[PDB]
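> Need the 3D shape of this:
(one chain, ligands or ions: 2)
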Amino acid sequence: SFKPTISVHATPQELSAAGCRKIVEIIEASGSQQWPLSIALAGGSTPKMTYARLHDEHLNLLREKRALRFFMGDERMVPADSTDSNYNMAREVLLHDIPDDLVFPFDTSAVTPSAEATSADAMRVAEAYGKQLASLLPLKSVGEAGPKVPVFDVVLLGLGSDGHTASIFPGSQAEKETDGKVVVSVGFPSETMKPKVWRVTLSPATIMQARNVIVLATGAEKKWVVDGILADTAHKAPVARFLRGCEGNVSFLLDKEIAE
Ligand SMILES: O=C(O)[C@H](O)[C@@H](O)[C@H](O)[C@H](O)COP(=O)(O)O
Ligand SMILES: [Zn+2]
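Numbering: from 1, shown residues only. Ligands and ions are numbered 1, 2, ... in the order given. I have put the structure below:
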């Protein structure tokens, strides 16, 4: 059934060290002929620290050595220089140093600060990204018969207290996109989550085809979420329970609390 790897870390500087260690280890295990490996980045302070660690400790591996091709697993429909942009964050801590031919943020260039984006806009950005992905990454039939989705080597994920991952929110349509017909979907945050802006996100089908999925999550308030992914039988399941269906390697980098 479901056996992900789980490791617990007392501090942020410890989990960030393991997150970055885990990526490097996947990078080395793959060897240079496989590079660049594709990785879908997540937003949030935990990954942020992991990025800064790669920036400080393995720039050479990524720049001179071109180990990874960076993508965004989910994004806020705001301008790229907005502080609410996942890319903005990623770029501030790491990507301003990564070759441009190895960085692929979402195209939010039509999003201005005068008019909030709608689902119409998010859908446009998603379709376009889906196209780039199919052109850049390997495609794989879903269920050996089904439609074609791109295969990432690595997807970094976060988890919210509403049990969502990436920008795939409870009750959402994105959440239902598991058959492969939709590679990048759309979604609006639930009540307890901010910023209140439309999102684009890798669908669950795309994520379940990734070769490695690494979830970093802290907080006692997110424990129900992990508990709910790991349970034998689904009961009042969080959205993230779909991760159970991941075809590749799943790992949880957890703090002491969310673990307990
Ligand atoms: O390390 C963090 O800060 C979390 O991983 C963080 O991302 C949060 O708990 C939710 O993910 C809400 O952000 P969203 O509403 O955009 O998903
Ligand atoms: Zn730098």
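> need the strands for the protein, in chain order.
5-9, 37-41, 68-72, 74-76, 103-104, 139-141, 148-150, 154-157, 184-187, 199-202, 212-217, 249-255 (DSSP state E).
> Format those strands as a markdown table; extra columns: mean neighbour count.
Using the backbone N, CA and C atoms, a C-beta is placed for each residue, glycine as well. Conversion of those to a markdown table gives the following (neighbours: other Cβ atoms under 10 Å):
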| stretch | mean neighbour count |
| --- | --- |
| strand 5-9 | 15 |
| strand 37-41 | 23 |
| strand 68-72 | 23 |
| strand 74-76 | 28 |
| strand 103-104 | 18 |
| strand 139-141 | 14 |
| strand 148-150 | 22 |
| strand 154-157 | 26 |
| strand 184-187 | 27 |
| strand 199-202 | 31 |
| strand 212-217 | 24 |
| strand 249-255 | 21 |
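> out of those, which comes closest to residue 123?
With Cβ to Cβ as the criterion, residue 123 lies closest to strand 184-187 of these, at 5.5 Å.
> residues making contact with the closest one?
Under the contact criterion Cβ atoms under 8 Å, 6 or more residues apart in numbering, strand 184-187 has outside partners 119, 122-123, 126-127, 129-130, 133, 167-169, 172-175, 177, 198-203, 206.
> How about the residues of the stretch 1-150 of the chain by ligand 1?
For the stretch 1-150 of the chain, the residues in contact with ligand 1 under the definition Cβ under 6 Å from any ligand atom are 43-46.
> one step back: so which of the strands of the chain gets nearest residue 112?
The stretch from the strands of the chain with the least distance to residue 112 (Cβ to Cβ) is strand 74-76; that distance is 14.2 Å.
> Quick one: distance of the closest one to the chain centre.
9 Å (Cα atoms, centre = their mean, to the nearest Å).
> And for stretch 113-123?
Taking Cα atoms, centre = their mean, one finds the center of stretch 113-123 at 22 Å from the center of the full chain.
> Make 35 the starting number, not 1.
Got it, first residue is 35 now, which makes that one stretch 147-157.
> Tabulate the CA atom coordinates of it in PDB.
As requested, C-alpha coordinates have been extracted for stretch 147-157 and formatted as PDB (Å, rounded to 0.1, in the frame of the first residue of the first chain):
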ATOM      1  CA  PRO A 147      -1.600  45.500  -9.800                       C
ATOM      2  CA  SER A 148      -4.800  47.300 -11.100                       C
ATOM      3  CA  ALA A 149      -6.800  44.200 -11.800                       C
ATOM      4  CA  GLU A 150      -6.900  41.000  -9.700                       C
ATOM      5  CA  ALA A 151      -6.600  37.800 -11.700                       C
ATOM      6  CA  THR A 152      -9.600  35.500 -12.200                       C
ATOM      7  CA  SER A 153      -9.900  31.800 -13.000                       C
ATOM      8  CA  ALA A 154      -9.900  32.900 -16.600                       C
ATOM      9  CA  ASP A 155      -6.400  34.300 -16.300                       C
ATOM     10  CA  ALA A 156      -5.100  31.400 -14.100                       C
ATOM     11  CA  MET A 157      -6.500  29.000 -16.700                       C
END
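> If burial is judged by neighbour count, which of the residues of the stretch 35-184 of the chain next to ligand 1 pass?
Neighbour counting with 16 or more other Cβ atoms under 10 Å marks 77-78, 80 as buried within those.
> Closest one of those residues to residue 148?
Residue 148 lies nearest to residue 77 out of these, by Cβ to Cβ, at 23.9 Å.
> Contact partners for the closest one?
Residue 77 touches 108, 110, 120, 123-124, 192, counting by Cβ under 8 Å, 6+ apart.
> Now distance to residue 294 too, for those, in JSON lines please.
What follows is the contacts of residue 77, written out as JSON lines (distance: Cβ to Cβ, whole Å):
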{"residue": "108", "distance to residue 294": "27"}
{"residue": "110", "distance to residue 294": "31"}
{"residue": "120", "distance to residue 294": "28"}
{"residue": "123", "distance to residue 294": "29"}
{"residue": "124", "distance to residue 294": "30"}
{"residue": "192", "distance to residue 294": "19"}
